[PDB]
Amino acid sequence: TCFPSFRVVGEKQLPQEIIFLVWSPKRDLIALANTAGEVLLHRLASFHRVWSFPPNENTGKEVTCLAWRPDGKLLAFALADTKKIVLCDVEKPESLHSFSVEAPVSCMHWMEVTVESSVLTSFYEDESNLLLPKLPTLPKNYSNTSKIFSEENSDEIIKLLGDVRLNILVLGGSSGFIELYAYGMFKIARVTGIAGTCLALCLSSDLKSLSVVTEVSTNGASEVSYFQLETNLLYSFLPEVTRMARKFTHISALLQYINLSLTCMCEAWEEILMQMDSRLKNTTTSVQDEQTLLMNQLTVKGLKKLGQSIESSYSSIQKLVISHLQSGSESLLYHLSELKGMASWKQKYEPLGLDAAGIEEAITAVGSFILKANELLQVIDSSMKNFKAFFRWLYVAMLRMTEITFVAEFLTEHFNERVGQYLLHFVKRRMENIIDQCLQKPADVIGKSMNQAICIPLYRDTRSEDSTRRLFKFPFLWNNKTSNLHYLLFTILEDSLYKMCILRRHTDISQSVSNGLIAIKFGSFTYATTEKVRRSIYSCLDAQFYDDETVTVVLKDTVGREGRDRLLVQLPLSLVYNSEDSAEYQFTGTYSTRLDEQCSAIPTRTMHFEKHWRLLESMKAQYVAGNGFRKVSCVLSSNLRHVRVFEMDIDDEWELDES
């Protein structure tokens, strides 16, 4: 009695086509974006929807990619229409952080450096290590995009983002370039000369190399090619870069905070002035001061109790300047000074782009901002002494209405828009200008440090010209963090069947590795209990790495057409790279020309499967989502609306039929 080799824990027919999908790294959750541009998160068990993240003003309405952090504690997605990018908390469908990028994003890969690396020589103090500022929280609940400063007194957002080892979120697209975002926050490189559209991005665990798969178009067809770029600065100076990305993010977060604080005083003071002013009898004069039903609504009580309204407003704005803005300015100068102590060590730090000079200038501009702020505080004192001058002599005039130099102040005030202007002002703009060039230089230096490349072209054909959404799942890139390699999975079409190939290179660019190229023909499918054997002609509809040693595959039987025609197959690498006859599967050609142009050169291993595979039952299946950790997986269909979720460690409870 026979059980086909996987067990199905859930099946749904989704209301919207699924445009992209990815499993969590550590958990039984899966993430999907549909064509409504909403991001769905689902549980394994009976493919239950955990939450929906629909679009709005700060999202886009069109999402291209999704990337989990290696934690799985943070999901990221890309908005193509509004050209921005969101960092989603897992436990709730809200934007934990977000930022714009220049042009649309077609690919993302979010990496993290080894634990062995995280270890810290201590050049720093509780504040210096910390990634983000925590300062008195901002009364405006409009945080705009990212709620960090606005959310009240939660360390947790900051701890979640920054209390972790260096992690880098790599971005790619058709725009001509690739960016690298430390911590998922600050941009520490931009690489150019990237031709066409990015299909796939993989940055190494050890930061020795970045691999790229890219599609270019001679207008009849398209060519797809693999690239391995060298990231040498990232390797040799890890720790300086991690330290300087920590201080750089922090600094940019301050810039944001002192912006918001400044915004904050301005809107509050604006609205109190408005509500006061137009609250406001035929006789012409503005200055009556030297209308008695002045006193039949607003009274000797009313005067006092407009009074506290206003000195309180004023108190909000000083307290705001000192406690919020000035102390942000202060922290700025502490990280600045530490940064100049970095750039003091000439040889260590600046192959990475910190001018001692630029930092020095930034610091002087900050000082001028603090000082222009201290200068602002007594524009406030004097405005106050006038207003409350006015108030007090007026009070007496109101109860003298029953039974000096700042009388001139009273007149001046009535003529008064005096606080309006005082807040040339924007030193803000110029401070953040100088700082912004300091921050933006390392990005460019490093991106220019990645100029070396390997090129292996893969194939040129019309396969993608027929337009239904491609999902950018394939071809596929995998880093093997234990054996330190790059795997690329791709298909090339021969007999008008797609033949599956596995390419692999050493993470270090100057060194080679066994069996760089090998293809796969699938010979026989059978089980150990039924000795019916399936031997047919199969084409490869998809593939994705399950774990370090295994690859999930989806095949189309060429000959089975209605519902009985597609197969799900686990492929063990230990038998592809099998120690004995691995020597007689060897590439006979050259990487100097395309791979698809020489087929008879590429070694094919005929492999006969008796375990770990299933015919898919009236399924229609096209694409696969592997999870090797939590040992589940998931299969999406031709119509992008139909999913089938398997526990992959278990046989089905359901016995099998065959004719």
# chains A, B, ... in the order shown; residues from 1 in each chain; ligands from 1
$ residues_around --residues "range 551-558 of chain A" --least-positions-apart "6" --cutoff "10 Å" --atoms "only C-alpha atoms" --output "mmCIF file with C-alpha atoms, in the first residue's frame"
data_model
loop_
_atom_site.group_PDB
_atom_site.id
_atom_site.type_symbol
_atom_site.label_atom_id
_atom_site.label_comp_id
_atom_site.auth_asym_id
_atom_site.auth_seq_id
_atom_site.Cartn_x
_atom_site.Cartn_y
_atom_site.Cartn_z
ATOM 1 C CA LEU A 489 19.411 27.768 -11.108
ATOM 2 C CA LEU A 497 11.779 21.566 -23.647
ATOM 3 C CA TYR A 498 13.267 23.640 -20.819
ATOM 4 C CA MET A 500 17.340 22.587 -15.927
ATOM 5 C CA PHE A 522 14.765 13.465 -15.028
ATOM 6 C CA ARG A 535 9.376 7.258 -17.438
ATOM 7 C CA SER A 536 8.487 10.108 -19.710
ATOM 8 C CA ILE A 537 9.631 13.340 -21.237
ATOM 9 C CA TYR A 538 9.648 16.225 -18.760
ATOM 10 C CA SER A 539 10.119 19.983 -19.140
ATOM 11 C CA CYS A 540 11.154 22.185 -16.152
ATOM 12 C CA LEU A 541 8.505 24.756 -15.147
ATOM 13 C CA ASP A 542 10.278 25.993 -11.984
ATOM 14 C CA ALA A 543 12.929 25.489 -9.228
ATOM 15 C CA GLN A 544 13.957 26.904 -5.840
ATOM 16 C CA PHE A 545 16.519 26.020 -3.171
ATOM 17 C CA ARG A 564 -2.544 14.739 -14.504
ATOM 18 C CA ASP A 565 0.490 16.431 -16.142
ATOM 19 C CA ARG A 566 2.606 18.234 -13.511
ATOM 20 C CA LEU A 567 5.042 16.971 -10.849
ATOM 21 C CA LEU A 568 6.614 18.219 -7.660
ATOM 22 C CA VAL A 569 10.163 16.902 -7.088
ATOM 23 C CA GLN A 570 12.809 17.150 -4.360
ATOM 24 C CA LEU A 571 16.311 17.091 -5.884
ATOM 25 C CA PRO A 572 19.237 16.053 -3.570
ATOM 26 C CA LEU A 573 22.506 17.727 -4.421
ATOM 27 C CA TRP A 613 8.175 13.526 -5.203
ATOM 28 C CA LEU A 615 2.234 13.861 -8.990
ATOM 29 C CA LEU A 616 0.085 16.914 -8.434
ATOM 30 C CA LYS A 620 -2.385 23.005 -12.829
ATOM 31 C CA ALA A 621 0.804 23.975 -10.943
ATOM 32 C CA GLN A 622 3.442 26.359 -12.225
ATOM 33 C CA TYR A 623 5.649 27.798 -9.411
ATOM 34 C CA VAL A 624 7.254 26.704 -6.026
ATOM 35 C CA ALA A 625 7.915 28.323 -2.608
ATOM 36 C CA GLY A 626 10.415 26.370 -0.526
ATOM 37 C CA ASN A 627 10.883 26.570 3.232
ATOM 38 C CA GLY A 628 13.701 24.348 4.473
ATOM 39 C CA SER A 633 6.449 24.434 1.181
ATOM 40 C CA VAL A 635 2.782 25.584 -4.755
#
$ residues_around --residues "residue 651 in chain A" --least-positions-apart "4" --cutoff "7 Å" --atoms "only C-alpha atoms" --output "PyMOL selection string"
chain A and resi 3-7
$ atom_distance --atom1 "CA of residue 594 in chain A" --atom2 "CA of residue 508 in chain A"
22.5 Å
$ residues_around --residues "range 119-122 of chain A" --least-positions-apart "3" --cutoff "12 Å" --atoms "only C-alpha atoms" --output "list in words"
residues 113, 114, 115, 116, 125, 126, 128, 129, 164, 165, 166, 238, 239, 240, 242 and 243 of chain A
$ atom_distance --atom1 "CA of residue 88 in chain A" --atom2 "CA of residue 475 in chain A"
26.3 Å
$ closest_residue --among "A:445, A:372, A:379, A:456" --to "residue 424 in chain A" --atoms "only C-alpha atoms"
A:372
$ atom_distance --atom1 "CA of residue 645 in chain A" --atom2 "CA of residue 618 in chain A"
14.7 Å
$ residues_around --residues "residue 223 in chain A" --least-positions-apart "5" --cutoff "8 Å" --atoms "only C-alpha atoms" --output "PDB file with C-alpha atoms, in the first residue's frame"
ATOM      1  CA  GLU A 215      17.986  40.551 -18.697  1.00  0.00           C
ATOM      2  CA  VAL A 216      18.707  42.744 -21.734  1.00  0.00           C
ATOM      3  CA  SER A 217      16.644  42.984 -24.929  1.00  0.00           C
ATOM      4  CA  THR A 218      17.456  42.873 -28.636  1.00  0.00           C
ATOM      5  CA  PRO A 457      26.049  34.620 -20.385  1.00  0.00           C
ATOM      6  CA  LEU A 458      23.248  32.112 -20.001  1.00  0.00           C
ATOM      7  CA  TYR A 459      20.727  32.238 -22.817  1.00  0.00           C
ATOM      8  CA  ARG A 460      18.903  34.277 -25.490  1.00  0.00           C
ATOM      9  CA  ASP A 461      15.351  33.544 -26.534  1.00  0.00           C
TER      10      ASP A 461
END
$ closest_residue --among "A:596, A:562, A:381, A:28" --to "residue 493 in chain A" --atoms "only C-alpha atoms"
A:596
$ closest_residue --among "A:514, A:347, A:636, A:138" --to "residue 20 in chain A" --atoms "only C-alpha atoms"
A:636
$ select_by_dssp --residues "range 555-624 of chain A" --states "helix (DSSP H, G or I)" --output "list in words"
residues 573, 574, 575, 581, 582, 583 and 584 of chain A
$ closest_residue --among "A:423, A:434, A:520, A:258" --to "residue 137 in chain A" --atoms "only C-alpha atoms"
A:258
$ residues_around --residues "range 322-327 of chain A" --least-positions-apart "4" --cutoff "8 Å" --atoms "only C-alpha atoms" --output "short mmCIF file (atom, residue, chain, number, x, y, z; two decimals) with C-alpha atoms, in the first residue's frame"
data_model
loop_
_atom_site.label_atom_id
_atom_site.label_comp_id
_atom_site.auth_asym_id
_atom_site.auth_seq_id
_atom_site.Cartn_x
_atom_site.Cartn_y
_atom_site.Cartn_z
CA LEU A 135 14.82 61.73 22.54
CA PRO A 136 11.64 63.31 23.98
CA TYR A 257 14.07 64.53 14.11
CA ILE A 258 15.27 68.12 14.17
CA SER A 261 10.69 69.19 15.83
CA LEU A 262 11.06 72.40 13.83
CA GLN A 318 10.61 76.82 24.30
CA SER A 331 23.87 64.45 19.93
CA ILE A 370 22.41 75.49 17.91
CA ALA A 373 18.35 78.30 17.95
#
$ closest_residue --among "A:334, A:415, A:183, A:47" --to "residue 74 in chain A" --atoms "only C-alpha atoms"
A:183
$ residues_around --residues "range 199-210 of chain A" --least-positions-apart "3" --cutoff "7 Å" --atoms "only C-alpha atoms" --output "PyMOL selection string"
chain A and resi 107-109+111-114+213-215+228-232+234-235+472+475-479+481+507-509
$ residues_around --residues "residue 256 in chain A" --least-positions-apart "4" --cutoff "10 Å" --atoms "only C-alpha atoms" --output "ChimeraX atom specification"
/A:149,250-252,260-262,328,432
